[PDB]
Amino acid sequence: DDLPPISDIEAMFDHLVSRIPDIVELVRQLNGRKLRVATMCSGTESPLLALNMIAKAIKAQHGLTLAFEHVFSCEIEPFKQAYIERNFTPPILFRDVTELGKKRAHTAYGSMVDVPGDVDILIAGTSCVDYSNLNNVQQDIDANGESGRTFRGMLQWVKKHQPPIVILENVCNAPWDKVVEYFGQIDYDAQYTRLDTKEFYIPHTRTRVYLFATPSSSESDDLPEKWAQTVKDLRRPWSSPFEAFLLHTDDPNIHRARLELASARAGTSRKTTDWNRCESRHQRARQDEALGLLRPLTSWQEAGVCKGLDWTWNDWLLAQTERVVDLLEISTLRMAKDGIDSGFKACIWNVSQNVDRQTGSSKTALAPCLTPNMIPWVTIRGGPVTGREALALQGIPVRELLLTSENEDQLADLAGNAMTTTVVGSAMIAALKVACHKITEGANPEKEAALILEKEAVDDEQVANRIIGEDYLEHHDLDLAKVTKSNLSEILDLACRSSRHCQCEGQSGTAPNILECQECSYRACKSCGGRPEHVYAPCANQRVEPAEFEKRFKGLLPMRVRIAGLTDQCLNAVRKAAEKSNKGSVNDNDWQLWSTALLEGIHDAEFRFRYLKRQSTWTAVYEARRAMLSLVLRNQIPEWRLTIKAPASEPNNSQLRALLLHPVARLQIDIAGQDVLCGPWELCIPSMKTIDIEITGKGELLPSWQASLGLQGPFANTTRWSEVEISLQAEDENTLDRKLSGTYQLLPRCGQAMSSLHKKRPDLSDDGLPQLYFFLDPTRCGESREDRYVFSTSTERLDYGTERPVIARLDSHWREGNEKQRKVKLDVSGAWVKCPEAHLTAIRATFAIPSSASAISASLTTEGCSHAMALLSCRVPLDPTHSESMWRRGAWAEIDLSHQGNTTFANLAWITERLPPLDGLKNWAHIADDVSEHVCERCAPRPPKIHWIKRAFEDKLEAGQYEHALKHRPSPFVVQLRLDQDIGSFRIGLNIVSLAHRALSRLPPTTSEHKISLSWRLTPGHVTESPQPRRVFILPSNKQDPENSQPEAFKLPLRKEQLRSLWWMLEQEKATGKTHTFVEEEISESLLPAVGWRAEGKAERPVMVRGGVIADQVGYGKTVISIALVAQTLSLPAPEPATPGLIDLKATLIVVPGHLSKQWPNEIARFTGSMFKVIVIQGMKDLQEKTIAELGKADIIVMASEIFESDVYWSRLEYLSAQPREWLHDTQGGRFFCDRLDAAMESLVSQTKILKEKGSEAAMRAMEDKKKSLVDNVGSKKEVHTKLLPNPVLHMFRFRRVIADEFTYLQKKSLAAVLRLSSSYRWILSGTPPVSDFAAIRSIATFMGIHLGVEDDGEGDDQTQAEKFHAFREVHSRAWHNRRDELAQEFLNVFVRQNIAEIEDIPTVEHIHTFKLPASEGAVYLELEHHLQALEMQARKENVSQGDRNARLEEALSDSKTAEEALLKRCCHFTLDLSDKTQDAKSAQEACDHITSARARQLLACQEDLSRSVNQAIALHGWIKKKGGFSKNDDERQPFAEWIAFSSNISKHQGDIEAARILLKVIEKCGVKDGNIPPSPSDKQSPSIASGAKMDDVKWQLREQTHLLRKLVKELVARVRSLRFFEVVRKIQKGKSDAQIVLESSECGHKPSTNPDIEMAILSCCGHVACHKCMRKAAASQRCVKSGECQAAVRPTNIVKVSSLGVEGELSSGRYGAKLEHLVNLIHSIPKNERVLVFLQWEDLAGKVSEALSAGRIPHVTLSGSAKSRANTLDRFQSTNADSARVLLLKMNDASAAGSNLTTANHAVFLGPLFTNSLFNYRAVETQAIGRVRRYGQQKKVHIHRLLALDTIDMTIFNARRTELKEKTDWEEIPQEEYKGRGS
DNA sequence: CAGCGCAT
DNA sequence: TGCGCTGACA
Ligand SMILES: Nc1ncnc2c1ncn2[C@@H]1O[C@H](COP(=O)(O)OP(=O)(O)NP(=O)(O)O)[C@@H](O)[C@H]1O
Ligand SMILES: Nc1ncnc2c1ncn2[C@@H]1O[C@H](CSCC[C@H](N)C(=O)O)[C@@H](O)[C@H]1O
Ligand SMILES: [Mg+2]
Ligand SMILES: [Zn+2]
Ligand SMILES: [Zn+2]
Ligand SMILES: [Zn+2]
Ligand SMILES: [Zn+2]
Ligand SMILES: [Zn+2]
């Protein structure tokens, strides 16, 4: 609107200050003293930002300089004060605005400091949560509330300290006049005025009011009026849409916000919420507005299952609450009715409000009043405005502002209520201009000028002396013209072959399974695949990483061009020549304005290169100071497309911004050559002529966009011609290019704006041209009457700021209609011309490279953090014109990285490319030993120490100092550049030693003497392609090593494999010669992305660890090897160390699971009979009864591993350490317990060092005072404050060896303790070693002691967050992860040995028991399965009593955490009559008829309840009627009286129809019959009003009763829907005759009685029976078989084929489930000798299985109990004595199936197929379970059974896993016979 | 933290 | 024209 488009906050502020010059006269009044400003309530501290930008504009314009002195501010928020103290850091920060009235006010930290009152301007805004808050329905009144809390707090201070200016702000509807009375009551005068934001440069529309009051004046000059006039003087009304203020969808901010905002309501998605009371308003609105009950934008069924379009932020809508979504759809319809098309017209809605409160939409280019609770929906981007965009719609710049720990709710709150920085800037500047005099002077000017110059000088010296490596240079001369030769057809091929095939990829990478439509040419992923479904035949194309295509395309094209031209008169030649042809004669004014503005890009202003882009088809954009040129590189006819930039300051409605809007003078490449630029440069003159054009219709008449959309008003049944024939006259056609007179067909599927994509029918008058389309395209800002149809050759979404090439537009009056032979007028523009003879032609650079890496390695003496070792420096000639801003005329301007410095680097990339890559630095070079760690500060700041106060965490001030001292780290890869007199230069260098100190930082320190040794290297030309493979680790073998050939004193020999392994273990423990066995390092990266470099600095230290992980396949003798190792090593004298701290023993403790405590000593005694004493501990008491003098004798001690959780252990250790009584008392969690246990271990080792002398006391006594003195701190508390000896703790000794066993089952609480046990050699035994990923190897290393790397987030598939923040986090590349993998593989090669056992083979016959489920349980499980199918495999659990269908559910979904798990677990058990304990074997038919009878009872119960509620409501209504409340006039749509009109009309009732008939019968069986509104109820029961409270109260009670009615109606519909299905399945099972009876079809039309035998399938959730062909055809289109009367939402999934559930085999054995019943007969069939061991997986079924076996004549033994009992039961089950429990029930995935050496049994049962995800993990645990019986001492043949269901998921996952195994590695299948045992 | 609600 | 509040919910 007649104003220049302003979008940059800096520009609008310097404009603001440029409009008034009466402010520079302030800095003379201040006389050199800085303003002293204070702010009472300030969220984003918008006043401070405004003042800082005003100061910047002052210094930039007038040369002057005024500073500021923030005295204080206050915010009782928890995090807004954190944000303040991290950005501005004021000296004092109170937390209140009413305490400051006192002399000793409180501080945000609690210091209770005194208040300073030397302010110069106090700017504060009272809060709004009570000042009528028109969102809020409650309101506080008359100074009882806000004006007594905050305002009366502010008044006392402002009176007690008299600041010369105070400016207030609050909402419009406020008691302001009373505020003026309060202020003028004492001193002030206080005029107040209101003003919006949309009047100050910003489109935001939010409105507020301001106030200003200077202390009393003598003569009362009436300042506030002059203030108001000065403010309202300066204004400028929003010359730009909001889209200019939004971020582009590509930058990492938008990705980082979508990843967080996409999953807000998360493993199991939360419960289906309730909105019924608003659902009523939605239905009423859809009815009143004549809209149709569709859901266009998002075809949602439930809350979380929906499918937005392929341009919508789908991962947002999936997360939305359902009311929000339905509101989106009602807004779309209510808008699409008016004619405009949301989704193509930019405008912000508000959604967090209600349908009723949606006035003011259909209004574009203005945001609404942002509030912290709204959710705005842009409707054109298709998603919400994120945090930083909600900031930018205020004045606040997200730049230069550090937002750490800020989420979308927090950004919403901050930028929601903060006053617009431009409004506040203007009001404050007018204050400071009108009351300039009142502020005093400084009286010290020259000292201030000197201070300013001094600080500027030291800063300009710093960045200059940053670089310290100019010693070495070579000065290789540089040839900028580094073009190459290429066939230019293969490169266009490779350009088409590597380009964005979905919005998912986005300029970086590749996503698979692209679907390319046929006849529309629109590619898109399979995910987010088109809901506007196209033809979509799969795409056939290979994929080349964009990295390769860019690497070649750079080298192919020049780095600069310039259009030769000499076209001053060529334009007039072209004009006359074109006039000779037929084209619109151009005016004089248009020609002049166009030519004179074009003649500056043709001037010899050379084009540079920048940001070759990938959006689609790889445009490569060049740029000059005034023009822009960009080779398009289309997949057909590549062209160049020059364009000219309109000037900076020029209003929007200007002729030049119309003439230079579209490109001019394109050039089409000569294909099939070697030169990338050959064409003749045709031109585009501003010619605009109009032509008549006849439009006609053909083909049939498809439904219009309205009718297809679902409208029901006068739009229902409206059509449009399916094909259009365009007829242009001969000459008027042959004047222009791209003839148009063909015919165009419609594509209702291939969407566009208003679904009007007309693809031209192929014609052979031209083949060299691309395909042409004819559609609509709205303006996106202007009203929709002006939009027009258009002819173009492109069709896609366009981002703000880029237009599309069109051939011609059509009159703004023609629409797809019904009439034919309509004659309209087309208009052509920019009619091109023949080709001029102008063309483009391309065109002492020098760069320093380090000669060799030796020169550098000396310069970094020590503390290389202070300086930078220079790497490159390029001196390049640049003309003094068009030298960019970054080029500074002296003193080496510094570029900032990961900040505003990204266009700076993209500007000079034309020099960056074409530079030889640095070589000879690939190797790791520098080495310097740093014995101690001594982490360099400013490089690795110490974290705040977390301390315990509970019986605070992350001390505030320390957190602030941390998050500040992390942004001032040395920042490797510093890049500075400076422009000389002619030739500029820049110096890229990195702080090598900073990298090295950061790498050293990450090693955790030990009490050792091994010294680190740093390094460094720089590798060029790295690019990110994709994580294409996944590494698979390899565990070596122990075969090749020789053998020790015997251990002495064994009763039985070891085999040769075991001998080789024992010898390897001996040697590995010894390690003769070598002094360290492994090196561990943490390579730290720092990428300079734009140049191809990435740096790496490492820090490695050797570590001597003896012992390693032996993980041998099941059956091998790991126990035997360990006992042999102990027996062998026994004789040796002692190890190498000295162990002075704590006590050393000779015993070798073995940590085993709870139930192996009898298996281990038995094996030890069996092999070496009484060779050495072996003391066992199982219970805590067995530990406490021992003494150290007794442990000394013990050669080997066996320890159960649950004492570490016995929790008496932790108490006794709390005593030996002398800690508080509950220092180590923590719940199951082993977090925060590691630090506490570490401190306890330090204190314990000191105490034991003391106790070695027997001087027991006086130390535990000395530490109590230490702790109770340390506690005394000013922080947050709960209040003002607060030899031999029995029972030794095992953490105070040191053994010769510690051999864990089954280590991968050591849970958190006991892992965190076994990790601390101290010994010389530490061996680990396992059978299933986790080697899948890097975390599973790190978890092994931590047992060993190695570090082996730190934990990053990306390596996969709150406390310390200060280092996990996108501003303080690392960006570790892919090569980093590959090096970490190589390191894990090296550790595995060194310390891990797996090898195959070659004892002998075990027969291993296999069986399988598969059966069908009954009809009743079949139906139940099918209902559950279809539920989860329609919910997309996610567990969702869900007044009026629940039905039976919802009762079979909410029981399966109770504890299930995964969809597949609720199915594995359902098929097992099916108990009928869930309410009563009564039970007996009921036949199948009995079960089904019981189900159906219970459902009939439920239905009639709901019926009677509904009628009861109607009677109560009609009594209420008669009450109100007689008591004269509706007045029978001035209607207000009485709710109940309307619901009774709705319900009567049967055709209006959505949902099933039979339920509607039930409702009508029940309602007419009452006082209402054909809209009666009776006077009395049908029971004559009393209305239950309390005491006749009020009339409106009764109206409210009625308004609630009616919603209760409506809810009950929905519930009744569901009831009938479920009853029908169970009844029909009962009939299908009932018998053949009744099956024929019920097989009366859905009126589908055909059935076995009339037509031949046709498999006709029953549908679930409606109960309708129809033919499978009709069933599929109907369900695919999302509509039931009954056309428009079933009204149920149908998925293709829930289609149950008849006769797919069984009755045949009389499988009546539904007692305790039909699975567990088939188990018991099996177990009886097993002979009486053999033992059995069942393998269930889900613990929650142990009860049901032990209730089935028990009371099923079979006794068993479960392995549950305590650490003492499990060993005994396992021992008796292994034992030789007869008549134990025959079957033993094992839990899989539990420490009970760890390794048991039980071979008494010979066959498993293994009921439910294993579910676990990983195939390798599946295989490992299944072979472990099998091998539990297939062992060495077997002496028998083994069987394996399986109980799988034919219907369920069991057979599915069984087939998947078994086939995938049979294809993969050997895993030799088991013979698989069939069972005919029958032993009893 | 999702519903619910008409005025200065 | 709206810088929510208040019962339920994990
Ligand atoms: N040299 C040997 N002479 C006699 N028996 C042996 C010998 N080596 C192993 N065994 C027996 O072979 C069986 C193997 O069990 P064991 O080696 O203790 O299993 P594990 O490897 O510790 N557990 P797991 O593999 O997970 O099932 C035991 O009964 C051993 O006593
Ligand atoms: N004692 C107090 N009374 C009112 N608000 C307080 C307060 N202490 C802190 N606040 C916070 O201060 C804010 C009030 S409004 C602050 C924003 C203001 N428009 C500006 O930009 O300066 C709220 O976030 C509120 O939570
Ligand atoms: Mg074992
Ligand atoms: Zn298509
Ligand atoms: Zn995609
Ligand atoms: Zn350092
Ligand atoms: Zn149906
Ligand atoms: Zn049918």
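The chain as shown is numbered from 1 upward.
So this one's electron microscopy, 3.5 Å, going by the header.
From the backbone N, Cα and C atoms, a Cβ is placed for every residue, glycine too.
The feature active site is assigned by Swiss-Prot to A:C128. The annotation ATP binding site is assigned in Swiss-Prot to A:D1112, A:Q1113, A:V1114, A:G1115, A:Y1116, A:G1117, A:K1118, A:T1119. The domain 'Helicase C-terminal' annotation in Swiss-Prot covers A:1715-1878.
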Flanks of unmodelled region: A:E1438 and A:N1439, 4 residues missing; rounded Cα separation in Å is 14
Listed in sequence order, the residues of the same chain lying six or more positions from A:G1115 (ATP binding site) whose CB sits under 8 Å from its CB are A:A1397, A:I1399, A:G1827, A:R1830, A:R1831, A:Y1832
By a three-class reduction of DSSP, A:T1119 (ATP binding site) is assigned helix
Cβ-Cβ distance under 8 Å, sequence separation of 6 or more, same chain as A:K1118 (ATP binding site); the residues meeting this, in order, are A:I1110, A:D1112, A:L1325, A:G1327
Going by C-beta under 8 A and a gap of 6 or more residues, the same-chain neighbours of A:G1117 (ATP binding site) are A:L1054, A:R1055, A:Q1058, A:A1397, A:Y1832
A correct count of other C-beta atoms within 10 Å of the C-beta of A:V1114 (ATP binding site) gives 18
Three-class DSSP assignment, A:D1112 (ATP binding site), comes back as coil
Residues near A:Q1113 (ATP binding site) by Cβ (under 8 Å) yet at least 6 apart in sequence within the same chain, in sequence order, are A:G1327, A:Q1394, A:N1395, A:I1396, A:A1397, A:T1823
Whole-number Å distance separating the Cα atoms of A:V1114 (ATP binding site) and the residue listed as 'active site' is 70
Unmodelled stretch of 9 residues flanked by A:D1357 and A:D1358; CA-CA distance (Å, integer) comes out at 22
Here 3 residues go unmodelled from A:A266 to A:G267, and the two Cα atoms are separated by a whole-number distance in Å of 7
Residues sitting within 8 A of the centre of the A:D1112, A:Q1113, A:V1114, A:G1115, A:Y1116, A:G1117, A:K1118, A:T1119 CB atoms (ATP site), not counting those, run A:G1327, A:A1397
A correct count of other C-beta atoms within 10 Å of the C-beta of A:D1112 (ATP binding site) gives 24
Gap check, 16 unmodelled residues between A:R951 and A:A952: Cα-Cα span in Å, rounded to whole number, is 12
Sorting the recorded positions A:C128, A:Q1113, A:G1117, A:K1118, A:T1119 by sequence and keeping only those with a Cβ under 6 Å from ligand 1 gives A:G1117, A:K1118, A:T1119
The rounded CA-CA distance in Å from A:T1119 (ATP binding site) to the residue listed as 'active site' is 73
A:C128 (active site) to A:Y1116 (ATP binding site), Cα to Cα, whole Å, comes out at 75
Across 20 unbuilt residues, the C-alpha atoms of A:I843 and A:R844 lie a whole number of Å apart, namely 13
Cβ proximity for A:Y1116 (ATP binding site), under 8 A, sequence spacing 6+, ordered by residue number, returns A:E1057, A:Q1058, A:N1395, A:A1397
Between A:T1282 and A:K1283 the deposited chain skips 73 residues, and the Cα-to-Cα distance in Å rounds to 38
Neighbouring CB atoms within 10 angstroms of the CB of A:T1119 (ATP binding site), all protein chains considered, total 21
Recorded positions A:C128, A:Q1113, A:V1114, A:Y1116, A:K1118: those with Cβ under 6 Å from an atom of ligand 3 are A:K1118
